[PDB]
Amino acid sequence: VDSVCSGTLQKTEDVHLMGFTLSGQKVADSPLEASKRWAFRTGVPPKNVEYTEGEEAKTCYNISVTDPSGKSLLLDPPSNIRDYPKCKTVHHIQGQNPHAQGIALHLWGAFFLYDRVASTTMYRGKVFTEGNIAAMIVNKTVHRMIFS
Amino acid sequence: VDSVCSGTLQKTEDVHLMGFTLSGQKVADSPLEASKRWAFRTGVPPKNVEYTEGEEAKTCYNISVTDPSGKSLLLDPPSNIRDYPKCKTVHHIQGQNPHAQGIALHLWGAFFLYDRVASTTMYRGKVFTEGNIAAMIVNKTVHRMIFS
Amino acid sequence: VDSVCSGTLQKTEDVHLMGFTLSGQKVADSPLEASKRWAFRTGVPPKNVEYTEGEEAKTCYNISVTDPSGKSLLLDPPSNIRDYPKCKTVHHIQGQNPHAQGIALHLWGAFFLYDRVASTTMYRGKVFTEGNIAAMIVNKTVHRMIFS
Amino acid sequence: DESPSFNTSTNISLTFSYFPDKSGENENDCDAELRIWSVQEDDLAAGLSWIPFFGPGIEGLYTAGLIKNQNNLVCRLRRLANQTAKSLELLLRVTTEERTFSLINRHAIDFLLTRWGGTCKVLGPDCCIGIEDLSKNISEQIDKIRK
Amino acid sequence: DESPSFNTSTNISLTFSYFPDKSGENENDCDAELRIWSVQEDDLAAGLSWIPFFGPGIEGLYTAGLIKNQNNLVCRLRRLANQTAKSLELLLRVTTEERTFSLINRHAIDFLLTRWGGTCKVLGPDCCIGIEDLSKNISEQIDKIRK
Amino acid sequence: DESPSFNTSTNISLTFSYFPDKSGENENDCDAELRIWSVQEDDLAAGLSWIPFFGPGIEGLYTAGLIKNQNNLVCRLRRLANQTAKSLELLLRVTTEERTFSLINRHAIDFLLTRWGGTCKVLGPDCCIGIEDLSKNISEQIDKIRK
Ligand SMILES: *[C@@H]1O[C@H](CO)[C@@H](O[C@@H]2O[C@H](CO)[C@@H](O[C@@H]3O[C@H](CO)[C@@H](O)[C@H](O)[C@@H]3O)[C@H](O)[C@H]2NC(C)=O)[C@H](O)[C@H]1NC(C)=O
Ligand SMILES: *[C@@H]1O[C@H](CO)[C@@H](O[C@@H]2O[C@H](CO)[C@@H](O[C@@H]3O[C@H](CO)[C@@H](O)[C@H](O)[C@@H]3O)[C@H](O)[C@H]2NC(C)=O)[C@H](O)[C@H]1NC(C)=O
Ligand SMILES: *[C@@H]1O[C@H](CO)[C@@H](O[C@@H]2O[C@H](CO)[C@@H](O[C@@H]3O[C@H](CO)[C@@H](O)[C@H](O)[C@@H]3O)[C@H](O)[C@H]2NC(C)=O)[C@H](O)[C@H]1NC(C)=O
Ligand SMILES: *[C@@H]1O[C@H](CO)[C@@H](O[C@@H]2O[C@H](CO)[C@@H](O)[C@H](O)[C@H]2NC(C)=O)[C@H](O)[C@H]1NC(C)=O
Ligand SMILES: *[C@@H]1O[C@H](CO)[C@@H](O[C@@H]2O[C@H](CO)[C@@H](O)[C@H](O)[C@H]2NC(C)=O)[C@H](O)[C@H]1NC(C)=O
Ligand SMILES: *[C@@H]1O[C@H](CO)[C@@H](O[C@@H]2O[C@H](CO)[C@@H](O)[C@H](O)[C@H]2NC(C)=O)[C@H](O)[C@H]1NC(C)=O
Ligand SMILES: *[C@@H]1O[C@H](CO)[C@@H](O[C@@H]2O[C@H](CO)[C@@H](O)[C@H](O)[C@H]2NC(C)=O)[C@H](O)[C@H]1NC(C)=O
Ligand SMILES: *[C@@H]1O[C@H](CO)[C@@H](O[C@@H]2O[C@H](CO)[C@@H](O)[C@H](O)[C@H]2NC(C)=O)[C@H](O)[C@H]1NC(C)=O
Ligand SMILES: *[C@@H]1O[C@H](CO)[C@@H](O[C@@H]2O[C@H](CO)[C@@H](O)[C@H](O)[C@H]2NC(C)=O)[C@H](O)[C@H]1NC(C)=O
């Protein structure tokens, strides 16, 4: 129904934020292609946001990037950053950048997805996949049937 | 009254989360007994949750446990972890475990209680007591009479 | 209108917390005067609170204070503490205290204002201004006209 | 159902709306005495008490209270804590944030959601609305029809 | 409008209230198959499962589900995520807290604000209130007037 | 009472619902001029502005606004901040979390709690409900009784 009143939210638990991948959006995810969407920049503070469920990822990345001196250009992961839950193929990459400064920011405005945490930046050594999230109401009964 | 509408919540301040001890639940709290409820494990991320008031504790523990090499098996306390407010008797314990790995998790699913913070794990060097918390509505007028 | 129902809040975004300075409250802000309102103390845990908009500051301070041994008496700034957004004149001060202990607490109960964060204490090396905050409802339409 | 409430009587008579009967619970496995602590929320008792600097500090921070087992409520409180645990652990499992968790704001929201997430059926169970003054006005209108 | 809902039918028939038609969206730029993961919210399946210690741990932490493209909803879900992004980035710009953000509590509050921030005009658009039982009682009162 | 609101007129006429008269407050201890800053919430002004990477950065992050003392509101705003302080410090005393605090979400919840925590008495003070269209429909029903 198109009405504002259509829909019921009984507990906060029934708000579900789902992470959908860019691979699921038929976007090229090869490491060489994927990296063309990532870029370094200063003056931007990385932000993180919690979500509840996510799509099984086609591909993920486990990346460490430094400057020539060996100092990471990627931020150390916060306590609450865990490797993405379900990746079919992880791309482990470790290297250095000759002339880059700041932090890794996704170009499309998409998020770096980890385990129930989306971010505007790439965390060093943590498994992630690219994606976006969407909010919806799912009651427990509906939730129980899907996941079981 | 048994009705959903029974009860009024005027401000968020009127939600009170009280910490009740296991000693108050006539549970053996001697250090040798108490420790039989604590155990080490990996793969579990410690969680913390804020509460508002608590019972004066009968006994508390100030514990540090490491591995043989001297590295703590207990997590360093976060900024917001303070010693439990009111302990009648504190049990200071410091030692090492020959073959244990991970973090200290309460077996009963009870919480490690500190100063207005409940946790699924034991923090190194902080005074705690075991307990559970309960939620209720208390207006300021009711609150003022009790605590005064 | 004086009624409880007077006023509408459609999104949480429409709650605005504005930071007003003490200089805007015709309070002496010269470094030598300003510092008479700051004092060190133990047993108090510094608290921070987020706000949304603030007044352009007349004067700000960028302060570092240690003990004689060189150890800072001011707390290291948390990830989310950024220099105050708009200061007309910053007072950079760096020195030591012969016999002081604890953290810097504002005497008036006013807040140390940074970039969208108010605090009960002074953070080492971060630009701040003194002030208080106020809560109000501003819809986007009203907001768009002001800031543009 | 809904966050239980803790009222005063109808010194210090207390009422606690939660009964575990609504769970095999009988007799006593709890201490009737319940001494408790809360952060000093006093209003200008020392005048400058609100200011952090002039605040008591961690040592004098707490205030003490006592709750007696007038209607076996303490034990019900005690039991309640024991049962809250499971749901609370499950809640936390889902959360990724380790540092803290505002259970307080969660309960406040859930309180509202239960009474306003849905749609109201006037004079019906599970919804709060008062019609005594509306129906009285309907009746007052019918009284105005005279002559 | 309001957080879309995801209902079951009227196995596993699913309904998704969001349509991008309410944006030039047609055909398909998404996979019909949607396999997903969620944290085990099972109720005492292992009996002691709720307890962290007896919990599965990060490896066995997740449960798997499948959503089919019955009404092209998956793609609508997929599209929805793509559009949510902009507002979500702008939201985060404003926030100073980097560590986390409870978008979940924000949506819950905004849901309530939309339906209760304002003032109600009985039997009107944008407000939820039910008058079927109130007007039936008005009608029942008029029936009681007999003799 | 309730979070004050800041409306526009009935350029840039402004209305501020808070009056300290509802506190010995008279004359002026504040600057009429009020220049302020807010985070750029512009909608695609640069097209790609929403994206963090293409965002201005901390230096160009802020937007500037001006509020004039048309009805001495600025000083009332100013005073309001001064008085908010005490309650705000007391609030924070209770909190254990040091890192941050979402006062914003707290106010949003308290707003709702005041207008919906309790139970409504139709057409009564302290509750928001609209009966003009309901009573008009009651009147329209009585008009339908004709013949
Ligand atoms: C994702 O990639 C990172 C590397 O970029 C992997 O992290 C690596 O994890 C192992 C095990 O924790 C670390 O090995 C140990 O390091 C310590 C020193 O810290 C050393 O004393 C031990 O002997 C051992 O070698 C390794 O250093 C760490 N690397 C970094 C740079 O942090 C991570 O495991 C990958 N994730 C997955 C799912 O494969
Ligand atoms: C709870 O037990 C812990 C020990 O497990 C007690 O912590 C101890 O606190 C004192 C005072 O802060 C520390 O002493 C000082 O340590 C520094 C080095 O960090 C040293 O330079 C000083 O000369 C002095 O000895 C002590 O190290 C610390 N121990 C640990 C392991 O952190 C704590 O005080 C107990 N709580 C209560 C309420 O008694
Ligand atoms: C506010 O005042 C503080 C000082 O109290 C200023 O902080 C200073 O920032 C610069 C640039 O980040 C630091 O310089 C660099 O330090 C590193 C060592 O950390 C050194 O290797 C470099 O060669 C360089 O000198 C400086 O150390 C730092 N000082 C402190 C005490 O943190 C800050 O810039 C002032 N803010 C404004 C807006 O002016
Ligand atoms: C949402 O998905 C669309 C569709 O792919 C993305 O659009 C792409 O945007 C980039 C950057 O502007 C362009 O180079 C591509 O050509 C676009 N693709 C198509 C098919 O037009 C959009 O950027 C995505 N945004 C988010 C937040 O995920
Ligand atoms: C709540 O209290 C009960 C009562 O003590 C606890 O039950 C105990 O559970 C352990 C572990 O399963 C058993 O070994 C004991 O025999 C039980 N005690 C009794 C008297 O039956 C229960 O575990 C507590 N749970 C929490 C969350 O505190
Ligand atoms: C709010 O502003 C008033 C007005 O300046 C402050 O009052 C001052 O308080 C200090 C400390 O008690 C006194 O020494 C001054 O004499 C007071 N000023 C005046 C003009 O009376 C008050 O402290 C401020 N409080 C906050 C929270 O900002
Ligand atoms: C705090 O809650 C108490 C109930 O626990 C309220 O007290 C009763 O309120 C009703 C309705 O106004 C009165 O009929 C009773 O006579 C009150 N009893 C007593 C002993 O006060 C109390 O009003 C609430 N306080 C506030 C400020 O809301
Ligand atoms: C969970 O949500 C579903 C809808 O997705 C609810 O199911 C329907 O509820 C209505 C109203 O009670 C009934 O008329 C339908 O027959 C229900 N259908 C089914 C298949 O159950 C369901 O009631 C909700 N569950 C809870 C516990 O609130
Ligand atoms: C934003 O708030 C303003 C009030 O400050 C609203 O403006 C008035 O709204 C009423 C009711 O719709 C109208 O009768 C007035 O004519 C409006 N005045 C003006 C100057 O617009 C405004 O509608 C609100 N905006 C939104 C999008 O909700």
# chains A, B, ... in the order shown; residues from 1 in each chain; ligands from 1
>>> select_by_dssp(residues="chain C", states="strand (DSSP E or B)", output="PyMOL selection string")
chain C and resi 15-21+38-41+48-50+53-55+57-66+72+75+87-96+103-106+111-113+117-119+121+123+127-137
>>> interface_residues(of="chain F", to="chain B", cutoff="9 Å", atoms="only C-alpha atoms", output="JSON list (two decimals) with N, CA, C and O atoms, in the first residue's frame")
[["chain", "number", "residue", "atom", "x", "y", "z"],
["F", 91, "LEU", "N", 23.85, 15.24, 32.95],
["F", 91, "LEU", "CA", 23.60, 14.14, 32.05],
["F", 91, "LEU", "C", 24.86, 13.33, 31.82],
["F", 91, "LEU", "O", 24.87, 12.10, 31.94],
["F", 94, "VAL", "N", 26.43, 11.01, 34.57],
["F", 94, "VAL", "CA", 25.85, 9.69, 34.57],
["F", 94, "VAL", "C", 26.41, 8.76, 33.52],
["F", 94, "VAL", "O", 26.64, 7.58, 33.78],
["F", 95, "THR", "N", 26.64, 9.28, 32.33],
["F", 95, "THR", "CA", 27.23, 8.50, 31.25],
["F", 95, "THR", "C", 28.65, 8.01, 31.58],
["F", 95, "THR", "O", 29.44, 8.74, 32.17],
["F", 96, "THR", "N", 28.98, 6.77, 31.22],
["F", 96, "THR", "CA", 30.36, 6.28, 31.44],
["F", 96, "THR", "C", 31.20, 6.43, 30.20],
["F", 96, "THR", "O", 32.43, 6.55, 30.28],
["F", 97, "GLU", "N", 30.51, 6.40, 29.06],
["F", 97, "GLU", "CA", 31.13, 6.59, 27.77],
["F", 97, "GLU", "C", 31.75, 7.97, 27.72],
["F", 97, "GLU", "O", 31.08, 8.98, 27.97],
["F", 98, "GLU", "N", 33.02, 8.01, 27.42],
["F", 98, "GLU", "CA", 33.71, 9.26, 27.40],
["F", 98, "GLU", "C", 33.83, 9.79, 25.99],
["F", 98, "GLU", "O", 33.58, 10.96, 25.72],
["F", 99, "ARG", "N", 34.14, 8.87, 25.07],
["F", 99, "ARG", "CA", 34.42, 9.15, 23.66],
["F", 99, "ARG", "C", 33.45, 10.09, 22.98],
["F", 99, "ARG", "O", 33.86, 11.07, 22.35],
["F", 106, "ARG", "N", 19.20, 11.49, 21.78],
["F", 106, "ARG", "CA", 18.51, 11.62, 23.05],
["F", 106, "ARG", "C", 17.36, 12.61, 22.98],
["F", 106, "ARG", "O", 16.26, 12.30, 23.43],
["F", 109, "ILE", "N", 14.35, 11.21, 20.97],
["F", 109, "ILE", "CA", 13.57, 10.27, 21.77],
["F", 109, "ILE", "C", 12.76, 10.96, 22.83],
["F", 109, "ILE", "O", 11.58, 10.66, 22.97],
["F", 110, "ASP", "N", 13.37, 11.89, 23.57],
["F", 110, "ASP", "CA", 12.63, 12.60, 24.61],
["F", 110, "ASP", "C", 11.45, 13.38, 24.06],
["F", 110, "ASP", "O", 10.42, 13.47, 24.73],
["F", 111, "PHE", "N", 11.58, 13.93, 22.85],
["F", 111, "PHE", "CA", 10.50, 14.64, 22.17],
["F", 111, "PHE", "C", 9.30, 13.72, 22.01],
["F", 111, "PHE", "O", 8.18, 14.08, 22.37],
["F", 112, "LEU", "N", 9.55, 12.54, 21.47],
["F", 112, "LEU", "CA", 8.51, 11.56, 21.31],
["F", 112, "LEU", "C", 7.94, 11.08, 22.63],
["F", 112, "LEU", "O", 6.73, 10.95, 22.75],
["F", 113, "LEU", "N", 8.79, 10.86, 23.62],
["F", 113, "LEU", "CA", 8.33, 10.36, 24.91],
["F", 113, "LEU", "C", 7.34, 11.31, 25.57],
["F", 113, "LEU", "O", 6.35, 10.88, 26.15],
["F", 114, "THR", "N", 7.61, 12.60, 25.47],
["F", 114, "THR", "CA", 6.73, 13.59, 26.07],
["F", 114, "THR", "C", 5.33, 13.58, 25.45],
["F", 114, "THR", "O", 4.33, 13.69, 26.16],
["F", 115, "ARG", "N", 5.27, 13.44, 24.13],
["F", 115, "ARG", "CA", 3.99, 13.43, 23.43],
["F", 115, "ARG", "C", 3.35, 12.05, 23.25],
["F", 115, "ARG", "O", 2.21, 11.95, 22.82],
["F", 116, "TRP", "N", 4.08, 10.99, 23.60],
["F", 116, "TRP", "CA", 3.54, 9.64, 23.42],
["F", 116, "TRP", "C", 3.94, 8.63, 24.50],
["F", 116, "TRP", "O", 3.48, 7.48, 24.45],
["F", 117, "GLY", "N", 4.73, 9.04, 25.48],
["F", 117, "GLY", "CA", 5.06, 8.14, 26.57],
["F", 117, "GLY", "C", 3.78, 7.83, 27.33],
["F", 117, "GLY", "O", 3.54, 6.69, 27.73],
["F", 118, "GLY", "N", 2.96, 8.85, 27.54],
["F", 118, "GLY", "CA", 1.72, 8.69, 28.29],
["F", 118, "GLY", "C", 0.49, 8.25, 27.52],
["F", 118, "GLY", "O", 0.58, 7.68, 26.44],
["F", 119, "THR", "N", -0.68, 8.53, 28.10],
["F", 119, "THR", "CA", -1.96, 8.17, 27.50],
["F", 119, "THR", "C", -2.80, 9.42, 27.22],
["F", 119, "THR", "O", -2.94, 10.29, 28.07]]
>>> residues_near_ligand(ligand="ligand 4", cutoff="7 Å", atoms="only C-alpha atoms and all ligand atoms", output="list in words")
residues 22, 25, 27, 108, 109, 110, 131 and 132 of chain A; 82, 83, 85 and 86 of chain E
>>> write_last_selection(atoms="N, CA, C and O atoms", output="PDB file, in the first residue's frame")
ATOM      1  N   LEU A  22      28.846  -4.866  -5.074  1.00  0.00           N
ATOM      2  CA  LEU A  22      28.899  -4.286  -6.413  1.00  0.00           C
ATOM      3  C   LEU A  22      29.064  -5.380  -7.434  1.00  0.00           C
ATOM      4  O   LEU A  22      28.685  -5.225  -8.587  1.00  0.00           O
ATOM      5  N   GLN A  25      26.043  -6.226  -8.668  1.00  0.00           N
ATOM      6  CA  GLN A  25      25.489  -5.193  -9.490  1.00  0.00           C
ATOM      7  C   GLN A  25      26.236  -5.245 -10.773  1.00  0.00           C
ATOM      8  O   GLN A  25      26.384  -4.247 -11.447  1.00  0.00           O
ATOM      9  N   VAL A  27      29.204  -5.406 -11.728  1.00  0.00           N
ATOM     10  CA  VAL A  27      30.343  -4.496 -11.841  1.00  0.00           C
ATOM     11  C   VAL A  27      31.654  -5.291 -11.857  1.00  0.00           C
ATOM     12  O   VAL A  27      31.812  -6.229 -11.070  1.00  0.00           O
ATOM     13  N   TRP A 108      33.245   5.818  -6.049  1.00  0.00           N
ATOM     14  CA  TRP A 108      31.843   5.806  -6.400  1.00  0.00           C
ATOM     15  C   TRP A 108      30.971   6.274  -5.251  1.00  0.00           C
ATOM     16  O   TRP A 108      29.779   6.502  -5.431  1.00  0.00           O
ATOM     17  N   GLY A 109      31.559   6.389  -4.068  1.00  0.00           N
ATOM     18  CA  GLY A 109      30.803   6.723  -2.881  1.00  0.00           C
ATOM     19  C   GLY A 109      30.257   5.443  -2.245  1.00  0.00           C
ATOM     20  O   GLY A 109      29.512   5.502  -1.269  1.00  0.00           O
ATOM     21  N   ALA A 110      30.626   4.292  -2.817  1.00  0.00           N
ATOM     22  CA  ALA A 110      30.243   2.998  -2.291  1.00  0.00           C
ATOM     23  C   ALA A 110      31.000   2.732  -1.027  1.00  0.00           C
ATOM     24  O   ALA A 110      31.912   3.474  -0.666  1.00  0.00           O
ATOM     25  N   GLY A 131      30.387  -2.488  -1.683  1.00  0.00           N
ATOM     26  CA  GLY A 131      28.938  -2.589  -1.747  1.00  0.00           C
ATOM     27  C   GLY A 131      28.198  -1.370  -1.227  1.00  0.00           C
ATOM     28  O   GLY A 131      28.794  -0.332  -0.947  1.00  0.00           O
ATOM     29  N   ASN A 132      26.880  -1.494  -1.138  1.00  0.00           N
ATOM     30  CA  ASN A 132      26.027  -0.437  -0.615  1.00  0.00           C
ATOM     31  C   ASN A 132      25.038  -1.077   0.339  1.00  0.00           C
ATOM     32  O   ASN A 132      24.866  -2.297   0.300  1.00  0.00           O
TER      33      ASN A 132
ATOM     34  N   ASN E  82      21.868   0.906  -3.973  1.00  0.00           N
ATOM     35  CA  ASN E  82      22.580   1.883  -4.774  1.00  0.00           C
ATOM     36  C   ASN E  82      22.141   3.312  -4.523  1.00  0.00           C
ATOM     37  O   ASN E  82      22.969   4.195  -4.450  1.00  0.00           O
ATOM     38  N   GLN E  83      20.850   3.552  -4.379  1.00  0.00           N
ATOM     39  CA  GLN E  83      20.385   4.896  -4.135  1.00  0.00           C
ATOM     40  C   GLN E  83      20.533   5.348  -2.692  1.00  0.00           C
ATOM     41  O   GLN E  83      20.697   6.519  -2.436  1.00  0.00           O
ATOM     42  N   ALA E  85      23.000   5.002  -0.775  1.00  0.00           N
ATOM     43  CA  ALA E  85      24.379   5.475  -0.711  1.00  0.00           C
ATOM     44  C   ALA E  85      24.539   6.974  -0.568  1.00  0.00           C
ATOM     45  O   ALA E  85      25.134   7.424   0.402  1.00  0.00           O
ATOM     46  N   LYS E  86      24.052   7.754  -1.519  1.00  0.00           N
ATOM     47  CA  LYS E  86      24.235   9.201  -1.415  1.00  0.00           C
ATOM     48  C   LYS E  86      23.805   9.804  -0.099  1.00  0.00           C
ATOM     49  O   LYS E  86      24.555  10.580   0.496  1.00  0.00           O
TER      50      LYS E  86
END
>>> residues_near_ligand(ligand="ligand 1", cutoff="7 Å", atoms="only C-alpha atoms and all ligand atoms", output="compact mmCIF listing (two decimals) with N, CA, C and O atoms, in the first residue's frame")
# COMPACT_ATOMS: atom_id res chain seq x y z
N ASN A 62 42.05 -8.41 0.56
CA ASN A 62 42.79 -8.32 1.82
C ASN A 62 44.02 -7.51 1.49
O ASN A 62 45.02 -8.05 1.01
N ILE A 63 43.95 -6.21 1.70
CA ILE A 63 44.98 -5.32 1.20
C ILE A 63 45.81 -4.55 2.21
O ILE A 63 45.30 -4.03 3.20
N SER A 64 47.11 -4.46 1.93
CA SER A 64 48.01 -3.60 2.68
C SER A 64 48.82 -2.75 1.72
O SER A 64 49.47 -3.28 0.82
N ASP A 83 36.99 -9.47 9.47
CA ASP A 83 36.98 -9.86 8.06
C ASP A 83 35.55 -10.12 7.56
O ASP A 83 34.72 -10.70 8.28
N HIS A 92 44.42 -11.25 -1.95
CA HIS A 92 45.42 -10.79 -1.03
C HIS A 92 46.41 -9.98 -1.80
O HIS A 92 46.97 -10.46 -2.78
N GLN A 94 49.62 -6.98 -1.33
CA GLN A 94 50.49 -6.27 -0.42
C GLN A 94 51.55 -5.55 -1.21
O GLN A 94 52.25 -6.17 -2.01
N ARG A 124 43.66 -1.57 6.64
CA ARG A 124 44.82 -2.39 6.39
C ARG A 124 44.66 -3.81 6.89
O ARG A 124 44.48 -4.04 8.09
N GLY A 125 44.80 -4.77 5.98
CA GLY A 125 44.82 -6.17 6.36
C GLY A 125 43.48 -6.77 6.71
O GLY A 125 43.42 -7.86 7.29
N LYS A 126 42.41 -6.09 6.39
CA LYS A 126 41.11 -6.66 6.65
C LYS A 126 40.40 -6.98 5.37
O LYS A 126 40.46 -6.21 4.41
N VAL A 127 39.72 -8.11 5.39
CA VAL A 127 39.00 -8.59 4.24
C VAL A 127 37.76 -7.78 4.01
O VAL A 127 36.91 -7.67 4.90
>>> closest_residue(among="D:36, D:138, D:30, D:51", to="ligand 6", atoms="only C-alpha atoms and all ligand atoms")
D:51
>>> closest_residue(among="A:65, A:75, A:137, A:60", to="chain C", atoms="only C-alpha atoms")
A:75
>>> closest_residue(among="D:59, D:43, D:133, D:25", to="ligand 5", atoms="only C-alpha atoms and all ligand atoms")
D:25
>>> interface_residues(of="chain D", to="chain E", cutoff="6 Å", atoms="only C-alpha atoms", output="ChimeraX atom specification")
/D:90,119-122
>>> residues_around(residues="segment 67-76 of chain D", least_positions_apart="5", cutoff="9 Å", atoms="only C-alpha atoms", output="JSON, numbers by chain")
{"B": [25, 146], "D": [12, 13, 14, 15, 16, 17, 18, 19, 20, 28, 29, 30, 31, 32, 33, 34, 35, 36, 81]}
>>> residues_around(residues="residue 42 of chain C", least_positions_apart="6", cutoff="9 Å", atoms="only C-alpha atoms", output="ChimeraX atom specification")
/C:101-103 /D:53,57-58
>>> decode(residues="segment 91-111 of chain D", atoms="C-alpha atoms", output="short mmCIF file (atom, residue, chain, number, x, y, z; two decimals), in the first residue's frame")
data_model
loop_
_atom_site.label_atom_id
_atom_site.label_comp_id
_atom_site.auth_asym_id
_atom_site.auth_seq_id
_atom_site.Cartn_x
_atom_site.Cartn_y
_atom_site.Cartn_z
CA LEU D 91 21.37 -8.84 21.48
CA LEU D 92 25.07 -8.27 22.02
CA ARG D 93 26.01 -11.14 19.74
CA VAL D 94 24.51 -9.21 16.87
CA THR D 95 26.21 -5.93 17.78
CA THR D 96 29.76 -5.45 16.38
CA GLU D 97 30.52 -2.52 18.60
CA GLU D 98 32.44 -3.82 21.54
CA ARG D 99 33.23 -0.61 23.43
CA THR D 100 29.72 0.11 24.64
CA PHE D 101 26.04 -0.18 23.90
CA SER D 102 23.21 2.07 24.84
CA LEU D 103 20.67 -0.39 26.06
CA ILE D 104 18.93 2.56 27.64
CA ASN D 105 18.16 4.23 24.31
CA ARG D 106 17.20 0.86 22.85
CA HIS D 107 14.54 0.29 25.52
CA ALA D 108 13.18 3.79 25.14
CA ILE D 109 12.73 3.26 21.42
CA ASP D 110 11.22 -0.18 21.81
CA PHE D 111 8.74 1.24 24.35
#
